[PDB]
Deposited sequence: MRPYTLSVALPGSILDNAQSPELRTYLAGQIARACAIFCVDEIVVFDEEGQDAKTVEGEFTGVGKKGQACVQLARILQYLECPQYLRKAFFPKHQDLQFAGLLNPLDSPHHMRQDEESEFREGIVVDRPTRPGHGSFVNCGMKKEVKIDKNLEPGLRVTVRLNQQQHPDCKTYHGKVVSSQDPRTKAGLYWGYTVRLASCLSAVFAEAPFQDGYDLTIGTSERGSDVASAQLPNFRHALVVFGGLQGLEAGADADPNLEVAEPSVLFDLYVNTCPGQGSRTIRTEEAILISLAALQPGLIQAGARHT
């Protein structure tokens, strides 16, 4: 049940030429991570509004559409939502789509103790659950197979959000984490033992074709911005290194003989994850 996390700088968005393209770029980052079943995106400050906007946009696209009205008030950072590309991930389904799992928001309707909670799972009727939970929390509902066809609510139980993947093979979205500097990308990892495999990307790294990935459980691929990973490194007072290869288990160039002087970050992610997917599958 290995994980993959991706770190890019929020400053990527400042290089955009129009506010629309600023949004659209943010959407391209989300789709690339969704395509490769990324579990976590880490938006880090290379030098703070660029990272907030990027993270927010990432969270909006990750969130099942029927839940965005509840989790996202009207925000200026979402003023160009429409011109986006849907993630079309397995938890972004329509209402007339049978599914074993379904994301949900715990509603505010009265319930005597003992009587579980009501959850909006975007179905025709709400879902009554087992546990009594706070009303406004996002949960992962597993629906009862044999339901009670005339009941005014469906029934299911709140399960771990990692159940759809580690149990049914279904990609179920990423989480988004805001990092305040480059060293916080590593130090603030969501996992106890940290990232046991860390992969940095540069045109000065070694050839990906020669790289050998060790067995792992939590992998982090890290991408720089306009100025490369060198900028977040020099900016960070914690770091104090001369060359970024030393902060990573591996420092790879994933496009030998590129035909353009520069690969932009959103292009580098698709190329890098493609070029690493073989080794990532087999090592995990």
Missing CA stretches, deposited numbering from 1, N-terminus first:
1-2, 50-66, 304-307
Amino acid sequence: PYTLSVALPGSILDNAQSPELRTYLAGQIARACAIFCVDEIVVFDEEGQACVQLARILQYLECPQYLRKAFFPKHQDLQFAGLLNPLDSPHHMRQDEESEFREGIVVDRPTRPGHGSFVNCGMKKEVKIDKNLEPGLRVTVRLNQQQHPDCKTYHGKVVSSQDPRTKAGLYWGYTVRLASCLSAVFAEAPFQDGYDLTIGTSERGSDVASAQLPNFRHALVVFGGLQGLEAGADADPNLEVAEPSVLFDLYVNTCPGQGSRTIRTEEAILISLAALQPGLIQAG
From here on, numbers count along this sequence of modelled residues.
Out of 89-97 and 107-115, which one has CA B-factors that are higher on average in the deposited record?
107-115
Comparing 186-194 with 170-178, the higher average Cα temperature factor in the PDB entry belongs to 186-194
Scanning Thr254, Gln28, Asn238, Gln59 for peak Cα temperature factor in the entry gives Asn238
Ranking every modelled residue in this chain by its Cα temperature factor as given in the entry, which third contains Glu243?
highest
By the entry's values, the third containing the CA B factor of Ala50 is the middle
Among the modelled residues of its chain, does the C-alpha B-factor of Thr140 lie in the lowest, middle or highest third?
middle
If you rank every modelled residue in this chain by C-alpha B factor, which third holds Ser160: lowest, middle or highest?
middle
What third of its chain, lowest, middle or highest, does the C-alpha temperature factor of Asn132 fall into?
highest
